[PDB]
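Enquirer: coords please:
(9 chains, ligands or ions: 3)
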Amino acid sequence: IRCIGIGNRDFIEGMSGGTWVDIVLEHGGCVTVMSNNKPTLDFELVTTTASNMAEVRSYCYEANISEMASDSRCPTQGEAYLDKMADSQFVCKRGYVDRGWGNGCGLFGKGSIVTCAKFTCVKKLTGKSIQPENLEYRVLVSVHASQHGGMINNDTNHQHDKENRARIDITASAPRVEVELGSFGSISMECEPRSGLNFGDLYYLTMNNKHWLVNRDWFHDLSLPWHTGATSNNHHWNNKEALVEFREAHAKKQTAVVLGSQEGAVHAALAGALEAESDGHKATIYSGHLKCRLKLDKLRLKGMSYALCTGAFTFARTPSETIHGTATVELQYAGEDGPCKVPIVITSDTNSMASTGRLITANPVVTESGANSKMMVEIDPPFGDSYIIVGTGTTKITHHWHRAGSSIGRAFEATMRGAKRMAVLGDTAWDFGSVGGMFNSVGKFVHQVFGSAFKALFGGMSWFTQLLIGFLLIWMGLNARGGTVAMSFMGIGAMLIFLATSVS
Amino acid sequence: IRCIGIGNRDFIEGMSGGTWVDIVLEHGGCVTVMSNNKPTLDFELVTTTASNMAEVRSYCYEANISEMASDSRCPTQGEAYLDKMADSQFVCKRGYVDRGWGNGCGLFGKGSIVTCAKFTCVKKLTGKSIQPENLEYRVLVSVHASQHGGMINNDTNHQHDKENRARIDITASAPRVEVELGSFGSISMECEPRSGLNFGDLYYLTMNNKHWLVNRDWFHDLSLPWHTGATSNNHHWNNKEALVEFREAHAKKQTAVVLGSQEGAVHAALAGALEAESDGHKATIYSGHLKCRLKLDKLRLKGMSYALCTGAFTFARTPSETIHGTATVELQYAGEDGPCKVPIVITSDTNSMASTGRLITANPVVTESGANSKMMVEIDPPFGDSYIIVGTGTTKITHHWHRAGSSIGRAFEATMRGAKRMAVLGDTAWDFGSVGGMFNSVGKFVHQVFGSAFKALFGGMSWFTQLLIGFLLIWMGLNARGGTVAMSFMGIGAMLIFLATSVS
Amino acid sequence: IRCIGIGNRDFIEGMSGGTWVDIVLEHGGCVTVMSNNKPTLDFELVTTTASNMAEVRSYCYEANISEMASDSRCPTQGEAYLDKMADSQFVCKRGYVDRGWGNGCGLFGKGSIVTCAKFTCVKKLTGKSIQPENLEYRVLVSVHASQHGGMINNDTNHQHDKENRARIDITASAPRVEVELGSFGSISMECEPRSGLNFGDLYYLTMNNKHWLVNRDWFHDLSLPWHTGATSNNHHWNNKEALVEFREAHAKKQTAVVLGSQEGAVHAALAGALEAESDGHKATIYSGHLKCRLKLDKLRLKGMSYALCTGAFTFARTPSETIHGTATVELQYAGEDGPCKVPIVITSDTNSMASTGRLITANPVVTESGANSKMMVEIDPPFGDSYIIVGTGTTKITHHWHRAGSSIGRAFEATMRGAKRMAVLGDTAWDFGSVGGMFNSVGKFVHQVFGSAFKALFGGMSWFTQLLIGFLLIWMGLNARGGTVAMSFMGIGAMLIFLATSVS
Amino acid sequence: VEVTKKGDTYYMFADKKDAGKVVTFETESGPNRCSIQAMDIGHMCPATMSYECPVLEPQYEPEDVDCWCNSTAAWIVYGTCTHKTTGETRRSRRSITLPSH
Amino acid sequence: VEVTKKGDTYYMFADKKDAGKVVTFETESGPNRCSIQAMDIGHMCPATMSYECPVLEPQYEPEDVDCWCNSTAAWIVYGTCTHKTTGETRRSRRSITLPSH
Amino acid sequence: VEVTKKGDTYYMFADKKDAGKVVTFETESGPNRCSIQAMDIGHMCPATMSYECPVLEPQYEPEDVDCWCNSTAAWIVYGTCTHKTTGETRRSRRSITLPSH
Amino acid sequence: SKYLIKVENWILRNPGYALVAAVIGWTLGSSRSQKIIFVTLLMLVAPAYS
Amino acid sequence: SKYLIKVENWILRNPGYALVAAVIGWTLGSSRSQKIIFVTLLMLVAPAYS
Amino acid sequence: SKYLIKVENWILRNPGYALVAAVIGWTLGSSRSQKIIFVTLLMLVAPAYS
Ligand SMILES: *[C@@H]1O[C@H](CO)[C@@H](O)[C@H](O)[C@H]1NC(C)=O
Ligand SMILES: *[C@@H]1O[C@H](CO)[C@@H](O)[C@H](O)[C@H]1NC(C)=O
Ligand SMILES: *[C@@H]1O[C@H](CO)[C@@H](O)[C@H](O)[C@H]1NC(C)=O
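Expert: Numbering: from 1, shown residues only, chains lettered A, B, ... in the order given. Ligands and ions are numbered 1, 2, ... in the order given. Provided below are the atomic coordinates:
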């Protein structure tokens, strides 16, 4: 039920006999996977986790100085000398100053003056690199089990039945994971962290308990003191003159000064930069998509063998409507019959009693055996006016529903979305290895690209007339001697035969 | 035996009746000379010796100064003067400095100041020239006398029988030398030190007990004090201002300073230079080839008249194989029969007993009359598999041997090497003087260029069939009226007749 | 005689009856004007004089300051104010400085500080403009009066007979001048100062008793204090901040400093500039040519009526030769006959006695009546060998002379020079006013362009044969029906008739 | 030092000798002790630097200030030249350059 | 002020209180009277400015010099901070700017 | 210091100890007090700097001169080396470079 | 809008009878546009029998 | 390699008989290439009589 | 050089006789170049009668 209130929601349906199915997950969206006999699953990607990041360079915005010393020699004495020059922690500058009898020596000529002082970095910021083997994605998996749908369980402490929700950590070391959903069964996932945001031109900047991302060509352009890329208590700094300002000149000395806090300059320069969050030493990124392949072999239903409900069904409120034309129904059941299957139908008139639409949640069931229990389901009503009927006998309730739009419009939108998805799945879509899965791959993707329109167009899914139409179309394409008219017709005929062979 | 372990080894064979023979010696290789009735000789060039080298120029890298003096005159007094100006050991510089009442005289103008100081060269390096008449080459001559072949005699102190090895000093004064090999006989050598490394654009640089070679166009380009080679206690120097730095400008004086040791600069500049070694005043060069002509008139064998060995022959170890496809055999003889000829044959099968290959060492013999003695020989096995048999009677021993490659390949390689050698021998190859030696010269070089293939190709050296083939080829070339078919055929026929007339 | 030693010397000859004649004077050359009955004149241009030049702008390189004052206000007080701001002689600058409790007031914000000081220009340079009405040219006029030719009279104090030399000041106000040469007569000159060096893109820079000329497109580009030319004791300056360097603002003050003498910078920038000289307020320029027109109406000879010399003539030295093939002869006369005409002839042989050349100095005469007097003359010998004869009777002296070159070569060179001169005389060459002077103008310039070749080519100046040649050429051109052959021939015939009608 | 008043404002003519020492004078409020810490003070000559230095509370120590009095704000003035040679320091060393041509 | 010698050179530990006054000490040559005109002198704290100030003849006036003694050249050292708050003045106001992106 | 005369000219052999002090000697004119302000003076050793220092009138201050006597011009000479180790300073640091090849 | 979706859903519910009616009305027009009008007539009267 | 050197040495040992066999087998082919195959056959069978 | 200037000056001294000789020698040649040679002959022999 985690996929209900999401703006960017898709719909993926696989072949009836097709166990494998590929999907793409975006960091701001969700994916709903449904089948004929398998329960509906909902996949979401929460956060990109970066851990164990190496350090490349650290800059020092605010620094201090101490023990300023200077030494002056006038002409015919050579260059000035100081013992602290050989020390790596003391920075000095040389210069030439005018001298005379007022300064101690007689010959009038410019003298050599040197001035150095210590350098201590009181505050600093750091830059880290990001390697593909360090990334770790987190995906939550939910199951439509006719849950109550109440938002009271925000954290992961409790109120989360381990058979209804799960979390999976996809790492670059082992991309193959086995997910256990308890009574529902087990699934397999193989995710490939590719075609994401480039991490070869990005540096993770940590500064004053805040974090940003910067460009590598800009990080080296910054004009501040910097050290070598090693972990040392005290490291040989470089280009520290940019933080120590020397006066013009003096006949006997030179007084250096240190610049103030450069935090404001960095905050102003990083205005148009991306931000992130961090916990301890790990970082969280909210950008990046993922491609995955799911194997659904041991996944089954939970209430397929249950009986019918012989109690009283009642609406809890007016059924709401989502942006994707899906209707959520919240039912309250009275009686003590235990877990029983919920008899619900969608038709065009109260006397017709003919299924006209499909259900997003397969096998709606009540979870507890209480007297007055509650449950929720999600369905897809047909375009136009429709009637939802719940229950049997003289106690069955009916409700009117309306939905705007057109079937052809939705079909074309879904076809375009599937084409865009298949275009995103450029690599790792087919397999050119052992033979026997190539035809399976071409059938699988033609299904994933055309089934949304096949189900919407070809009548009431009789599975008998469509085969005859395909046969007659193949015959019409066969008895044609002209070029470019038999190949396309036979291809379309085979496509329709295969799409009818799959689940409708 | 000095020519066994050499990578660059050649093989020279002369005409049967041809006494004179030309050779070329490289400083990194060896030459083996063999004949039909003459013992095998081995020539090598050890070192190029340069002695009595003249001196051209000497530089002074590190220098000292002392007794600095200066003299200043202000305007309306003329040029400054000092008594030490006329001395060649004192260098001074002139200049103009601003003067006033503070400096002694009244008029406000700039004056003339001069400053000189002594110059003493504490350390210096020297440059020598190399003349062709100073060079002296050293060539060692060894004789294959079935020596033990032990490498225990490295120097020239002892363990070198004077009848088996010799040393020759080829000088530019007398290029004709007569070599005495004791019982073997005497030979004559005429060597021409030509086409060697050019010594007209090279200078021998001596510095700090080390030596180098430099270019003449670069030696004069160096910017340092210098003086030519004149035997004296005190030398006059030129361009010494490059080592004495004067200060800017002072009204009453000028303090000069001397530069430090420039040994590091010279060591850095001479990084990509060639090096050598020296002993006392002589120098050793390891580059340069030589051309020689040998006259072998009084050279004979030593054990041609000896009898056969009726003792016991045994192998001392597995016979080794060199890079040139030559096989060394180390034999141990038991018995007391005195110096006797070693009966050894090379065949294809134990029952064939037919000589199929040649011997690099002519007339293998035992040197001493001891009970258990040892000896060594070097042979050339035929391509493929072969059997070496030593001794006669029921005590003869046999050994299997194999050698890869092809006879045509070796023949072509030897022909190309002989062509390259004859191309190196550009001058002093033929004689255009008295007639009678021109045909001898053309026959000699066609032999030295084609005998390696003649012996390898034309059958089993029967000396009877080859004459008939030559006669029939001459006849076929004679009865042909067409052009360009009789000249080449007659030439090839005469070439083959001559090559069969010579030694095979 | 002022035109003898000049490299760029021309020769101008006018028509016999033609009084007016135009000439061009260059600042580095001379002009010689000769006629049949008029004495030879020599015109030269000495210096271009510029006076009464207006002032455009003045710069101040070295300046002083005094009475520096400042005023600072911190936030919640408004802008700073000072009474000296409204004064034009005090320059101030504003700024914003950080303040706090350490600086006097409470609120922690940055304030407004202003600082001004007086400005007094101790030394300055000036810029003047040059107008055409200010220029004044000076031309010296000499007369060939057989003067001694001694260079002992350099200045204008004495030793300059007022009838032999004169000076003329050509101004833009009155270009018409009347020259009096004493006994020789009077001439008229009309000079037009046009086509000279452009004075619309040049500024006359005066600095430290030195003077230069600069470009207007650089004079305004200089970044220094400046003020226009206004007669006053105290001037208002603009853009003086370029000479006063303000120290970084302190907590509540600002100390300004003044730059040193910028004379070195100006001397370095004016390295590639033109220089000149000045006297008082006038300037002297050595570049610029001039065009003039001379009217010779009242000019006559001085010794035309004198008698012959019956004394003794002698050479004073070997006659010299100038670059223009002219021969100077220095004669010494013995006897007391008073001013008498010098009988001199130029011929080809001592017995021929036929005038073959012309004289540059007309009517050579002796000036004094002394016993032993001296005189000088300048003649043009014919190409080849010639004899100069001086005197009559048995006391006449002869001298040989030789001159290389060819008559046709000199004729062509003079024709090309005359063509160049006529091309320089673009405007004011002809007159398009009243009729009657147009034919005079075309004849005058065709004469000035072709007479140098006419005199050199057409025989011995018989004045009788040339008319017959012209008549026959006119007849040959007349009896010709073909086009482009009668017009050119008739034109050349008329040209030759006119050139023969003039003086030869 | 000389103490005058021109237009209800006090001027303190301080020469070079009184450098780094305090001075007490009288104002309309009463006695005023004012300290002078002028570092760039020079000899007496026409080049005179003048700047107001302000009154401040005793508890707050001066900071980057070389003149302070406690009655009111006092304007200080003193010459700035070298060895009474009627010459300013003019040690700017800007070395302004001009275009060649 | 404290006067010590470490390696044949004299160090004068001068605090804030001794600012603008002379002091007499003893050297190997004899008595030495040395004047101190330190303008940027501060309180005692780790930030210590130290510079040798040279001997000169009394017949010359000091030029651009704030320390001079007459026995030899003497090395002066003094702290530079504000109100003993262990903080330097650091009033540079350079305001270095960085590229945006 | 030693004072000698060789050829009507006075030489003053001054060692390192007499550095910065005046000395009085006798000449044909009378007593002469001559001051020496040599800064780079060294110990006694073969490297000897010698330069004439001139007489001048006492009513003028010295401008660029470190030696001045008042009878005549006097030639001063003194060694220039370090710690009497028979070694000159030779601190030029020119570092002349040679072509490689 | 209000009626197009209804007839569209009706066609998609039982397309066989709809195609039968369409092919019946296709051959009952004198001109091409007349056949188009007749089949759109059947398309419009299809939802309500009345 | 292993057999080429053997047959080469055999040919070079007794070239007369080898050339006799070659000239005999040269004239026993119908075409040029057939003669070449026949002589290479003789070349190959030359080492071992069997 | 040495003789050209002399004959040139001679021609310029008395051009009538020179032109007479030139026009006389012009009509005594068989070809154009021959006439040119004959007139240059007269030009050269003009200075010295001999
Ligand atoms: C200024 O401060 C001094 C400090 O002792 C004090 O004596 C004087 O009275 C004060 N003047 C005032 C408050 O006007
Ligand atoms: C330094 O000068 C002072 C000035 O009074 C004097 O008392 C003292 O003796 C001098 N020290 C010397 C000469 O060593
Ligand atoms: C040099 O000057 C001193 C000044 O005290 C004087 O005593 C001495 O006599 C002078 N020497 C002369 C004039 O030779």
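
Enquirer: is stretch A:197-209 in proximity to chain E?
Expert: No - with CB under 8 Å from any CB of the partner chain as the criterion, chain E is not reached by stretch A:197-209; the gap is at least 12.4 Å. From N, CA and C alone the C-beta is placed, and that goes for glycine too.

Enquirer: endpoint to endpoint, that stretch covers what distance?
Expert: End-to-end distance for stretch A:197-209: 24 Å, by CA to CA, to the nearest Å.

Enquirer: buried set for that stretch?
Expert: Residues of stretch A:197-209 classed as buried: A:199, A:202, A:203, A:204, A:205, A:206, A:207 (neighbour count, 16 or more other CB atoms under 10 Å in any protein chain shown).

Enquirer: let me see the contact set for the third one.
Expert: Shown here is residue A:203, whose contacts under the criterion CB atoms under 8 Å, 6 or more residues apart in numbering or on different chains are A:56, A:127, A:128, A:129, A:213, A:214, A:215, A:216, A:219.

Enquirer: between the residues you listed, which is closest to residue A:305?
Expert: The shortest approach to residue A:305 among the contacts of residue A:203 belongs to residue A:213, at 53.0 Å (CB to CB).

Enquirer: give me the nearest residue to that closest one, chain neighbours excluded.
Expert: Nearest residue to residue A:213 in three dimensions, chain neighbours excluded: residue A:274, at 4.8 Å (CB to CB, 6 or more residues apart in numbering or on different chains).

Enquirer: same deal with residue A:320?
Expert: Closest residue to residue A:320 apart from its sequence neighbours, by CB to CB, 6+ apart: residue A:328 at 5.3 Å.

Enquirer: for the one you found, phi and psi?
Expert: Comment: the main-chain dihedrals of residue A:328 come out as phi -100, psi 130, following degrees, to the nearest 10.

Enquirer: excluding chain neighbours, give the residue nearest to residue 38 in space.
Expert: If you meant another chain, say so; for now it's chain A. For residue A:38, ignoring the flanking residues on the chain, the nearest one in space by CB to CB, 6+ apart is residue A:299 at 5.2 Å.

Enquirer: not what I meant, chain D
Expert: Sequence neighbours aside, residue D:66 is the residue nearest to residue D:38 in space, at 5.3 Å (criterion: CB to CB, 6+ apart).

Enquirer: and if you look at residue A:316?
Expert: With CB to CB, 6+ apart as the measure, residue A:330 is the residue that lies nearest to residue A:316, at 4.3 Å, once sequence neighbours are left out.

Enquirer: who does the one helix or strand that neighbour maps to touch, helix- and strand-wise?
Expert: Here residue A:330 sits within strand A:327-334, counting by DSSP states H and E. For strand A:327-334, the elements it packs on are strand A:312-315, strand A:320-321, strand A:372-380, strand A:384-390, judged by 3 or more CB pairs under 8 Å, 6 or more residues apart in numbering or on different chains; DSSP states H and E.

Enquirer: need these in a markdown table with mean neighbour count, can you?
Expert: What follows is the helices and strands packed on strand A:327-334, written out as a markdown table (neighbours: other CB atoms under 10 Å in any protein chain shown):
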| stretch | mean neighbour count |
| --- | --- |
| strand A:312-315 | 16 |
| strand A:320-321 | 12 |
| strand A:372-380 | 19 |
| strand A:384-390 | 19 |
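
Enquirer: let's have those in JSON lines, adding distance to residue B:474.
Expert: Output for these, formatted as JSON lines (distance: least, CB to CB, whole Å):
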{"stretch": "strand A:312-315", "distance to residue B:474": "126"}
{"stretch": "strand A:320-321", "distance to residue B:474": "117"}
{"stretch": "strand A:372-380", "distance to residue B:474": "109"}
{"stretch": "strand A:384-390", "distance to residue B:474": "116"}
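
Enquirer: from what I can see the residue nearest to residue D:38 touches residue D:37, true?
Expert: Yes - with contact defined as CB atoms under 8 Å, residue D:66 counts as touching residue D:37 (3.8 Å).

Enquirer: the two: which has the busier surroundings?
Expert: Set side by side, residue D:66 and residue D:37 give different neighbour counts by other CB atoms under 10 Å in any protein chain shown, the larger being at residue D:66 (21 against 18).

Enquirer: and residue A:503, what is it in contact with?
Expert: With contact set as CB under 8 Å, 6+ apart, residue A:503 has these partners: A:13, A:15, A:16, A:35, A:36.

Enquirer: of the contacts of residue A:203, just say which sits nearest to residue A:381.
Expert: When those are compared for distance to residue A:381 (CB to CB), residue A:213 wins out at 44.7 Å.

Enquirer: does residue A:141 belong to a helix, a strand or coil?
Expert: Here residue A:141 takes the strand state, with states given by DSSP: H, G, I helix; E, B strand; the rest coil.

Enquirer: what about it, how many neighbours?
Expert: Other residues lying near residue A:141 total 20 when counted by other CB under 10 Å.

Enquirer: nearest residue to it other than its sequence neighbours?
Expert: Ranked by CB to CB, 6+ apart and with sequence neighbours excluded, the top spatial neighbour of residue A:141 is residue A:166, at 4.7 Å.

Enquirer: what are the buried residues along the helix or strand encompassing the one you found?
Expert: Residue A:166 belongs to strand A:165-171 when assigned by DSSP H and E. Neighbour counts using 16+ other CB under 10 Å place A:165, A:166, A:168, A:170 of strand A:165-171 among the buried residues.

Enquirer: now stretch D:75-86
Expert: Neighbour counts using 16+ other CB under 10 Å place D:75, D:76, D:78, D:79, D:80, D:81, D:82 of stretch D:75-86 among the buried residues.

Enquirer: tell me how many other residues surround residue A:446.
Expert: Residues within reach of residue A:446, counting by other CB under 10 Å, total 16.

Enquirer: ok, residue A:47 next?
Expert: Counted by other CB under 10 Å, the residues lying close to residue A:47 total 16.

Enquirer: mind listing what it touches?
Expert: A:138, A:284, A:285, A:286.

Enquirer: among these, the buried ones, what's the PyMOL command?
Expert: Burial among those is assessed by 16+ other CB under 10 Å; the matching PyMOL selection reads:
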select buried, chain A and resi 285
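
Enquirer: closest one of the contacts of residue A:47 to residue B:499?
Expert: Proximity of the contacts of residue A:47 to residue B:499 was ranked by CB to CB; the top entry is residue A:285 with 87.4 Å.

Enquirer: shouldn't the closest one be in contact with residue A:48?
Expert: Yes - between residue A:285 and residue A:48 there is a contact at 4.0 Å, judged by CB under 8 Å.

Enquirer: up against chain F, what does chain A have?
Expert: Within chain A, the positions lying close to chain F (CB under 8 Å from any CB) are A:74, A:76, A:77, A:78, A:101, A:105, A:106, A:107, A:108.

Enquirer: residues near the residue nearest to residue A:316, how many?
Expert: Number of residues near residue A:330 (other CB under 10 Å) recorded here: 16.

Enquirer: for residue A:468, helix, strand, or coil?
Expert: Classification of residue A:468 into helix, strand or coil gives helix, according to three-state DSSP.

Enquirer: neighbours of it, just the number please.
Expert: 10.

Enquirer: ok, now how distant is it from residue A:457?
Expert: Residue A:468 sits at a distance of 16 Å from residue A:457 (criterion: CB to CB, to the nearest Å).

Enquirer: identify the residue of chain D closest to chain C, quick one.
Expert: residue D:63 (2.9 Å; CB to the nearest CB).
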